[PDB]
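work.cif follows (mmCIF, N, CA and C atoms):
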data_start
loop_
_atom_site.label_atom_id
_atom_site.label_comp_id
_atom_site.auth_asym_id
_atom_site.auth_seq_id
_atom_site.Cartn_x
_atom_site.Cartn_y
_atom_site.Cartn_z
N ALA A 1 88.67 102.23 104.80
CA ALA A 1 88.08 100.89 104.62
C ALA A 1 86.90 100.96 103.66
N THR A 2 86.87 100.04 102.72
CA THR A 2 85.69 99.92 101.86
C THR A 2 84.59 99.18 102.62
N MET A 3 83.36 99.34 102.18
CA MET A 3 82.27 98.59 102.82
C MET A 3 82.22 97.20 102.22
N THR A 4 81.61 96.27 102.93
CA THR A 4 81.49 94.91 102.40
C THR A 4 80.04 94.48 102.51
N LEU A 5 79.37 94.40 101.37
CA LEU A 5 77.98 93.96 101.38
C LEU A 5 77.92 92.45 101.18
N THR A 6 76.74 91.91 101.40
CA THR A 6 76.58 90.46 101.36
C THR A 6 75.11 90.16 101.09
N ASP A 7 74.86 89.03 100.45
CA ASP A 7 73.49 88.68 100.03
C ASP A 7 72.35 89.31 100.84
N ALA A 8 72.33 89.09 102.14
CA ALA A 8 71.20 89.58 102.93
C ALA A 8 71.24 91.09 103.16
N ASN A 9 72.37 91.59 103.62
CA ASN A 9 72.50 93.03 103.84
C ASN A 9 72.56 93.79 102.52
N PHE A 10 72.94 93.12 101.45
CA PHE A 10 73.03 93.77 100.14
C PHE A 10 71.73 94.47 99.77
N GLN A 11 70.66 93.71 99.68
CA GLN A 11 69.40 94.29 99.20
C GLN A 11 68.75 95.14 100.28
N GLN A 12 68.87 94.73 101.54
CA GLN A 12 68.38 95.60 102.61
C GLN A 12 69.19 96.89 102.70
N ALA A 13 70.42 96.88 102.20
CA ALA A 13 71.22 98.10 102.20
C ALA A 13 70.79 99.05 101.08
N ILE A 14 70.78 98.56 99.85
CA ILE A 14 70.51 99.46 98.73
C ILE A 14 69.06 99.91 98.69
N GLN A 15 68.14 99.02 99.06
CA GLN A 15 66.72 99.33 98.89
C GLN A 15 66.22 100.39 99.86
N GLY A 16 66.97 100.70 100.90
CA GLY A 16 66.53 101.78 101.79
C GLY A 16 66.51 103.10 101.05
N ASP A 17 67.57 103.88 101.20
CA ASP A 17 67.72 105.07 100.35
C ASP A 17 69.10 105.65 100.62
N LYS A 18 70.10 105.12 99.93
CA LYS A 18 71.47 105.49 100.29
C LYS A 18 72.41 105.35 99.11
N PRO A 19 73.09 106.42 98.70
CA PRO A 19 74.19 106.31 97.72
C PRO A 19 75.19 105.24 98.09
N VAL A 20 75.22 104.16 97.32
CA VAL A 20 76.19 103.10 97.60
C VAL A 20 76.64 102.53 96.26
N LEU A 21 77.94 102.59 95.99
CA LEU A 21 78.42 101.98 94.75
C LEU A 21 78.81 100.54 95.07
N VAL A 22 78.02 99.61 94.56
CA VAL A 22 78.30 98.20 94.82
C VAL A 22 79.35 97.70 93.84
N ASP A 23 80.38 97.07 94.36
CA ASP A 23 81.40 96.51 93.48
C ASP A 23 81.19 95.00 93.40
N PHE A 24 80.89 94.51 92.21
CA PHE A 24 80.73 93.07 92.04
C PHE A 24 82.03 92.52 91.48
N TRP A 25 82.68 91.66 92.24
CA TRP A 25 83.99 91.18 91.83
C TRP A 25 84.18 89.74 92.29
N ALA A 26 85.30 89.15 91.95
CA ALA A 26 85.57 87.80 92.45
C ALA A 26 87.07 87.60 92.59
N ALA A 27 87.44 86.74 93.53
CA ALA A 27 88.86 86.45 93.72
C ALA A 27 89.40 85.50 92.65
N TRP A 28 88.51 84.89 91.88
CA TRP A 28 88.95 84.08 90.74
C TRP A 28 88.94 84.87 89.43
N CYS A 29 88.62 86.15 89.48
CA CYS A 29 88.49 86.93 88.24
C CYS A 29 89.85 87.31 87.67
N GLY A 30 89.88 87.50 86.36
CA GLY A 30 91.13 87.87 85.71
C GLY A 30 91.32 89.38 85.64
N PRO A 31 90.52 90.10 84.87
CA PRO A 31 90.77 91.52 84.63
C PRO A 31 90.23 92.43 85.73
N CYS A 32 89.77 91.86 86.84
CA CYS A 32 89.41 92.71 87.98
C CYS A 32 90.66 93.20 88.70
N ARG A 33 91.79 92.52 88.53
CA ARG A 33 93.03 93.02 89.10
C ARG A 33 93.44 94.38 88.50
N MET A 34 93.03 94.65 87.28
CA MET A 34 93.37 95.94 86.67
C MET A 34 92.86 97.09 87.52
N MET A 35 91.56 97.14 87.75
CA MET A 35 91.00 98.22 88.56
C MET A 35 91.03 97.94 90.05
N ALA A 36 91.65 96.85 90.48
CA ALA A 36 91.69 96.56 91.91
C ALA A 36 92.22 97.72 92.75
N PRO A 37 93.39 98.29 92.47
CA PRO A 37 93.91 99.37 93.32
C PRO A 37 93.26 100.72 93.05
N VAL A 38 92.62 100.93 91.91
CA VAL A 38 91.91 102.20 91.73
C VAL A 38 90.63 102.22 92.57
N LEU A 39 90.02 101.07 92.76
CA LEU A 39 88.80 101.00 93.57
C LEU A 39 89.08 101.31 95.04
N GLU A 40 90.19 100.80 95.56
CA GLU A 40 90.53 101.13 96.94
C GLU A 40 91.02 102.58 97.06
N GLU A 41 91.63 103.09 96.00
CA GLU A 41 91.96 104.52 95.98
C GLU A 41 90.71 105.37 95.72
N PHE A 42 89.67 104.76 95.18
CA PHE A 42 88.42 105.48 94.95
C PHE A 42 87.73 105.82 96.26
N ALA A 43 87.78 104.88 97.19
CA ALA A 43 87.33 105.17 98.55
C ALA A 43 88.24 106.18 99.24
N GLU A 44 89.46 106.34 98.77
CA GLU A 44 90.31 107.41 99.29
C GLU A 44 89.97 108.75 98.63
N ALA A 45 89.42 108.73 97.43
CA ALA A 45 89.18 109.98 96.71
C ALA A 45 87.98 110.73 97.27
N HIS A 46 86.80 110.14 97.16
CA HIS A 46 85.62 110.83 97.67
C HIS A 46 85.51 110.56 99.16
N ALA A 47 85.47 109.28 99.52
CA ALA A 47 85.56 108.87 100.92
C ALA A 47 84.32 109.23 101.73
N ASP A 48 84.09 110.51 101.98
CA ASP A 48 82.92 110.91 102.77
C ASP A 48 81.71 111.09 101.86
N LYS A 49 81.62 110.27 100.83
CA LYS A 49 80.53 110.42 99.87
C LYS A 49 80.25 109.07 99.21
N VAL A 50 81.29 108.40 98.75
CA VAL A 50 81.08 107.12 98.07
C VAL A 50 81.24 105.97 99.06
N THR A 51 80.19 105.19 99.21
CA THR A 51 80.34 103.93 99.95
C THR A 51 80.72 102.86 98.93
N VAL A 52 82.01 102.60 98.81
CA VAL A 52 82.45 101.57 97.87
C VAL A 52 82.27 100.22 98.54
N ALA A 53 81.18 99.53 98.24
CA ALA A 53 80.92 98.27 98.92
C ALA A 53 81.40 97.11 98.06
N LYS A 54 81.51 95.95 98.68
CA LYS A 54 82.14 94.81 98.01
C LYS A 54 81.26 93.58 98.17
N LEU A 55 80.74 93.07 97.07
CA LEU A 55 80.04 91.79 97.15
C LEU A 55 80.87 90.75 96.42
N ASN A 56 81.10 89.63 97.08
CA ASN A 56 81.68 88.50 96.37
C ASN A 56 80.53 87.76 95.70
N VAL A 57 80.47 87.81 94.38
CA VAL A 57 79.39 87.10 93.70
C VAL A 57 79.63 85.59 93.69
N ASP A 58 80.85 85.17 93.99
CA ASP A 58 81.09 83.74 94.22
C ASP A 58 80.34 83.29 95.47
N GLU A 59 80.62 83.96 96.59
CA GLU A 59 79.97 83.60 97.85
C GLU A 59 78.49 83.95 97.88
N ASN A 60 78.11 85.11 97.35
CA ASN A 60 76.73 85.56 97.52
C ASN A 60 76.03 85.60 96.16
N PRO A 61 75.14 84.66 95.87
CA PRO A 61 74.67 84.49 94.49
C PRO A 61 73.25 85.00 94.25
N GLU A 62 72.67 85.73 95.19
CA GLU A 62 71.26 86.09 95.02
C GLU A 62 71.09 87.31 94.14
N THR A 63 71.92 88.33 94.31
CA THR A 63 71.75 89.53 93.50
C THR A 63 72.37 89.40 92.11
N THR A 64 73.37 88.54 91.96
CA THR A 64 73.93 88.32 90.62
C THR A 64 72.91 87.64 89.71
N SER A 65 71.98 86.88 90.27
CA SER A 65 70.93 86.30 89.43
C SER A 65 69.85 87.33 89.09
N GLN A 66 69.63 88.30 89.96
CA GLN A 66 68.59 89.30 89.69
C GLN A 66 68.99 90.22 88.55
N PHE A 67 70.18 90.81 88.65
CA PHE A 67 70.64 91.68 87.57
C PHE A 67 71.16 90.87 86.38
N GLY A 68 71.75 89.72 86.65
CA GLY A 68 72.46 89.01 85.60
C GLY A 68 73.85 89.62 85.45
N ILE A 69 74.69 89.39 86.44
CA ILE A 69 76.07 89.90 86.36
C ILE A 69 76.86 88.91 85.52
N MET A 70 76.97 89.17 84.23
CA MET A 70 77.56 88.16 83.35
C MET A 70 79.06 88.34 83.18
N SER A 71 79.60 89.50 83.49
CA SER A 71 81.05 89.64 83.36
C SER A 71 81.61 90.57 84.43
N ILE A 72 82.17 89.96 85.46
CA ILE A 72 82.91 90.74 86.45
C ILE A 72 84.19 91.29 85.81
N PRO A 73 84.69 92.43 86.25
CA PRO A 73 84.11 93.20 87.36
C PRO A 73 82.93 94.05 86.90
N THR A 74 82.06 94.40 87.83
CA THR A 74 80.87 95.18 87.46
C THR A 74 80.56 96.20 88.55
N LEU A 75 80.59 97.48 88.19
CA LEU A 75 80.32 98.53 89.18
C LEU A 75 78.92 99.10 88.95
N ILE A 76 78.09 99.12 89.98
CA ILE A 76 76.74 99.66 89.82
C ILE A 76 76.44 100.61 90.97
N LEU A 77 75.99 101.81 90.64
CA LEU A 77 75.66 102.77 91.70
C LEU A 77 74.17 102.70 91.98
N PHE A 78 73.83 102.51 93.24
CA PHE A 78 72.42 102.50 93.63
C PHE A 78 72.17 103.68 94.57
N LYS A 79 71.12 104.44 94.31
CA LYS A 79 70.80 105.55 95.20
C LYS A 79 69.57 105.24 96.03
N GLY A 80 68.54 104.67 95.43
CA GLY A 80 67.36 104.30 96.21
C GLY A 80 66.75 103.01 95.70
N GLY A 81 67.53 101.94 95.73
CA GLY A 81 67.02 100.65 95.27
C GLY A 81 66.79 100.64 93.77
N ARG A 82 67.72 101.23 93.04
CA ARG A 82 67.56 101.34 91.59
C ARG A 82 68.93 101.71 91.05
N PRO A 83 69.51 100.90 90.17
CA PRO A 83 70.85 101.18 89.65
C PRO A 83 70.79 102.34 88.68
N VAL A 84 71.41 103.46 89.03
CA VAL A 84 71.39 104.60 88.12
C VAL A 84 72.34 104.37 86.95
N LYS A 85 73.52 103.85 87.22
CA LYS A 85 74.48 103.67 86.14
C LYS A 85 75.23 102.36 86.32
N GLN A 86 75.19 101.54 85.29
CA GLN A 86 76.01 100.33 85.29
C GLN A 86 77.16 100.54 84.31
N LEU A 87 78.38 100.38 84.79
CA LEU A 87 79.52 100.37 83.88
C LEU A 87 80.43 99.22 84.24
N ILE A 88 80.99 98.58 83.23
CA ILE A 88 81.73 97.34 83.46
C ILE A 88 83.03 97.33 82.66
N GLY A 89 83.82 96.29 82.89
CA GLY A 89 85.13 96.23 82.24
C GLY A 89 86.14 97.00 83.06
N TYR A 90 87.24 97.39 82.45
CA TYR A 90 88.20 98.24 83.17
C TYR A 90 87.87 99.70 82.91
N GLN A 91 87.76 100.45 83.99
CA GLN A 91 87.56 101.89 83.86
C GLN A 91 88.52 102.58 84.82
N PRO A 92 89.39 103.45 84.34
CA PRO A 92 90.35 104.13 85.23
C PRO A 92 89.67 104.86 86.36
N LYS A 93 90.45 105.21 87.37
CA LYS A 93 89.93 106.06 88.44
C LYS A 93 89.47 107.41 87.89
N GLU A 94 90.10 107.86 86.81
CA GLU A 94 89.67 109.12 86.18
C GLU A 94 88.31 108.98 85.50
N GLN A 95 88.04 107.81 84.94
CA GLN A 95 86.72 107.57 84.36
C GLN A 95 85.68 107.42 85.47
N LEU A 96 86.05 106.67 86.48
CA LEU A 96 85.21 106.51 87.67
C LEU A 96 84.89 107.83 88.36
N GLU A 97 85.90 108.65 88.61
CA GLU A 97 85.67 109.86 89.41
C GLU A 97 84.69 110.83 88.75
N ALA A 98 84.76 110.95 87.43
CA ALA A 98 83.80 111.82 86.74
C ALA A 98 82.43 111.16 86.62
N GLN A 99 82.44 109.86 86.38
CA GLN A 99 81.19 109.10 86.32
C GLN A 99 80.40 109.21 87.63
N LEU A 100 81.08 108.98 88.74
CA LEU A 100 80.39 109.00 90.03
C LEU A 100 80.13 110.42 90.52
N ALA A 101 80.89 111.40 90.06
CA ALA A 101 80.59 112.78 90.44
C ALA A 101 79.17 113.20 90.05
N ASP A 102 78.69 112.74 88.91
CA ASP A 102 77.33 113.11 88.50
C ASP A 102 76.28 112.55 89.45
N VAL A 103 76.41 111.27 89.78
CA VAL A 103 75.37 110.62 90.58
C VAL A 103 75.49 110.92 92.07
N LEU A 104 76.69 111.17 92.55
CA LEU A 104 76.86 111.47 93.97
C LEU A 104 76.32 112.86 94.30
N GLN A 105 76.40 113.78 93.35
CA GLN A 105 75.86 115.12 93.58
C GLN A 105 74.34 115.09 93.50
#
Give the structure from the file, written as structure tokens.
Amino acid sequence: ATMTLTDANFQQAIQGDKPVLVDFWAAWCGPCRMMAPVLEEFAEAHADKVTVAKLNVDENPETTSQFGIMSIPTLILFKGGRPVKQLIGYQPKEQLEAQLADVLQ
């Protein structure tokens, strides 16, 4: 199961001190379907390391205004209330797995 963050728990979650890859996506989005199954397989890949969380920026609009999430999908890794790496668009699971290997270690 992937994690599911939400406006209130979102910032209280990341700002503590915890590796969490927040996935910003929407059910009305077009090219988020491309990486849709790699993201759920991404939680199958590392699993005991990556918290692949899910914010609906449609439903929860507070953090999308802070960062300015202008084009979903948008993956951002937070380790201690600070996005170490923002990458967006379609990125294969192979691009993801090497990208997140650096920050998770």
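Proximity ranking of A:69, A:50, A:5, A:32 relative to residue 19 (chain A) places A:50 first, based on all atoms listed in the file.
Residues within 8 Å of residue 74 (chain A), counting all atoms listed in the file and excluding same-chain residues fewer than 3 positions away, are residues 22, 23, 24, 25, 26, 32, 69, 70, 71, 77, 86, 87, 88 and 89 of chain A.
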Worksheet item: What separation in Å, quoted to one decimal, exists between CA of residue 14 (chain A) and CA of residue 81 (chain A)?
Response: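 One can read the CA of residue 14 (chain A) to CA of residue 81 (chain A) distance as 5.1 Å.
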Fill in: Residue nearest residue 2 (chain A) - candidates A:27, A:53, A:47, A:38, atoms counted: only N, CA and C atoms
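Nearest candidate to residue 2 (chain A) out of A:27, A:53, A:47, A:38: A:53.
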Practice prompt. Find the distance between atom C of residue 67 (chain A) and atom N of residue 1 (chain A) and write it in Å to one decimal.
Written response: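 Those two atoms sit 27.8 Å apart.
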Discussion item. So the first atom is atom C of residue 66 (chain A) and the second is atom N of residue 48 (chain A); what is the distance between them in Å, to one decimal place?
Written reply: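 Calculated distance between atom C of residue 66 (chain A) and atom N of residue 48 (chain A) is 28.6 Å.
All protein and nucleic acid residues in the vicinity of (95.1, 97.5, 84.2), that is within 12 Å when counting only C-alpha atoms, are residues 30, 31, 32, 33, 34, 35, 36, 37, 38, 39, 89, 90, 91, 92 and 93 of chain A.
You can rank A:65, A:103, A:49, A:73 by their closest distance to residue 29 (chain A) using only N, CA and C atoms, and at the top of that list sits A:73.
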Worksheet, complete the sentence: From the list A:54, A:75, A:44, A:80, the nearest residue to residue 13 (chain A) using all atoms listed in the file is A:80
Out of chain A, which residues get strand (DSSP E or B) from DSSP, as a short mmCIF file (atom, residue, chain, number, x, y, z; two decimals) with N, CA and C atoms, in the coordinates of the input?
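Below you can see part-v9.cif, which holds the result:
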data_model
loop_
_atom_site.label_atom_id
_atom_site.label_comp_id
_atom_site.auth_asym_id
_atom_site.auth_seq_id
_atom_site.Cartn_x
_atom_site.Cartn_y
_atom_site.Cartn_z
N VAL A 20 75.22 104.16 97.32
CA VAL A 20 76.19 103.10 97.60
C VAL A 20 76.64 102.53 96.26
N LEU A 21 77.94 102.59 95.99
CA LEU A 21 78.42 101.98 94.75
C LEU A 21 78.81 100.54 95.07
N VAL A 22 78.02 99.61 94.56
CA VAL A 22 78.30 98.20 94.82
C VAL A 22 79.35 97.70 93.84
N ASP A 23 80.38 97.07 94.36
CA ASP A 23 81.40 96.51 93.48
C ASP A 23 81.19 95.00 93.40
N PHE A 24 80.89 94.51 92.21
CA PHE A 24 80.73 93.07 92.04
C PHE A 24 82.03 92.52 91.48
N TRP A 25 82.68 91.66 92.24
CA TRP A 25 83.99 91.18 91.83
C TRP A 25 84.18 89.74 92.29
N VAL A 52 82.01 102.60 98.81
CA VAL A 52 82.45 101.57 97.87
C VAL A 52 82.27 100.22 98.54
N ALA A 53 81.18 99.53 98.24
CA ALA A 53 80.92 98.27 98.92
C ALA A 53 81.40 97.11 98.06
N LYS A 54 81.51 95.95 98.68
CA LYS A 54 82.14 94.81 98.01
C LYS A 54 81.26 93.58 98.17
N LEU A 55 80.74 93.07 97.07
CA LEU A 55 80.04 91.79 97.15
C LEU A 55 80.87 90.75 96.42
N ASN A 56 81.10 89.63 97.08
CA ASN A 56 81.68 88.50 96.37
C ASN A 56 80.53 87.76 95.70
N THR A 74 82.06 94.40 87.83
CA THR A 74 80.87 95.18 87.46
C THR A 74 80.56 96.20 88.55
N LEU A 75 80.59 97.48 88.19
CA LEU A 75 80.32 98.53 89.18
C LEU A 75 78.92 99.10 88.95
N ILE A 76 78.09 99.12 89.98
CA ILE A 76 76.74 99.66 89.82
C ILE A 76 76.44 100.61 90.97
N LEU A 77 75.99 101.81 90.64
CA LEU A 77 75.66 102.77 91.70
C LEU A 77 74.17 102.70 91.98
N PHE A 78 73.83 102.51 93.24
CA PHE A 78 72.42 102.50 93.63
C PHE A 78 72.17 103.68 94.57
N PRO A 83 69.51 100.90 90.17
CA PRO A 83 70.85 101.18 89.65
C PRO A 83 70.79 102.34 88.68
N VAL A 84 71.41 103.46 89.03
CA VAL A 84 71.39 104.60 88.12
C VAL A 84 72.34 104.37 86.95
N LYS A 85 73.52 103.85 87.22
CA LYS A 85 74.48 103.67 86.14
C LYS A 85 75.23 102.36 86.32
N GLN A 86 75.19 101.54 85.29
CA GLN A 86 76.01 100.33 85.29
C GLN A 86 77.16 100.54 84.31
N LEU A 87 78.38 100.38 84.79
CA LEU A 87 79.52 100.37 83.88
C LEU A 87 80.43 99.22 84.24
N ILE A 88 80.99 98.58 83.23
CA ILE A 88 81.73 97.34 83.46
C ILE A 88 83.03 97.33 82.66
#
Fill in: All helix (DSSP H, G or I) residues (DSSP, backbone) inside chain A, as a PyMOL selection string
chain A and resi 7-14+32-45+62-67+93-104
Discussion item. Measuring between all atoms listed in the file, which one of A:84, A:63, A:98, A:58 shows the shortest distance to residue 28 (chain A)?
Written reply: A:58
Item to complete: For each of A:45, A:60, A:17, A:78, take the minimum atom-to-atom distance to residue 94 (chain A), counting only C-alpha atoms, then give the residue where this is smallest.
Response: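 For residue 94 (chain A), the nearest of the candidates is A:45.
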Region 40-57 of chain A dumped to file, N, CA and C atoms, as a compact mmCIF listing (two decimals), in the first residue's frame:
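So decode-v3.txt came out as:
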# COMPACT_ATOMS: atom_id res chain seq x y z
N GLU A 40 3.24 2.69 -8.29
CA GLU A 40 2.78 1.64 -7.39
C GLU A 40 3.78 0.47 -7.36
N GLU A 41 4.47 0.24 -8.47
CA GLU A 41 5.56 -0.73 -8.45
C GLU A 41 6.80 -0.17 -7.74
N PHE A 42 6.87 1.14 -7.61
CA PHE A 42 7.99 1.77 -6.90
C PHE A 42 7.92 1.47 -5.41
N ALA A 43 6.71 1.51 -4.88
CA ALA A 43 6.50 1.06 -3.51
C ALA A 43 6.73 -0.44 -3.37
N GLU A 44 6.67 -1.18 -4.46
CA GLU A 44 7.05 -2.59 -4.40
C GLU A 44 8.57 -2.76 -4.48
N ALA A 45 9.27 -1.80 -5.07
CA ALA A 45 10.71 -1.97 -5.28
C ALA A 45 11.48 -1.76 -3.98
N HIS A 46 11.43 -0.55 -3.44
CA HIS A 46 12.17 -0.30 -2.20
C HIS A 46 11.32 -0.76 -1.03
N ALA A 47 10.11 -0.22 -0.95
CA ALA A 47 9.12 -0.71 0.02
C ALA A 47 9.47 -0.38 1.46
N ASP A 48 10.50 -1.01 2.01
CA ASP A 48 10.87 -0.75 3.40
C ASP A 48 11.83 0.44 3.48
N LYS A 49 11.63 1.41 2.60
CA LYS A 49 12.54 2.55 2.55
C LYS A 49 11.80 3.76 2.00
N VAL A 50 11.10 3.58 0.89
CA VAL A 50 10.41 4.72 0.29
C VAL A 50 8.97 4.76 0.76
N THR A 51 8.59 5.86 1.39
CA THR A 51 7.17 6.07 1.66
C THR A 51 6.60 6.83 0.47
N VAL A 52 6.00 6.10 -0.46
CA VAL A 52 5.42 6.76 -1.63
C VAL A 52 4.06 7.30 -1.22
N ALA A 53 3.98 8.58 -0.90
CA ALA A 53 2.71 9.12 -0.43
C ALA A 53 1.97 9.78 -1.57
N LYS A 54 0.69 10.03 -1.35
CA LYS A 54 -0.17 10.49 -2.45
C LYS A 54 -0.97 11.69 -1.98
N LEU A 55 -0.74 12.84 -2.60
CA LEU A 55 -1.60 13.98 -2.32
C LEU A 55 -2.43 14.27 -3.56
N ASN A 56 -3.73 14.39 -3.37
CA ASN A 56 -4.55 14.90 -4.47
C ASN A 56 -4.49 16.42 -4.40
N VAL A 57 -3.84 17.04 -5.37
CA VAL A 57 -3.77 18.50 -5.35
C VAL A 57 -5.10 19.13 -5.76
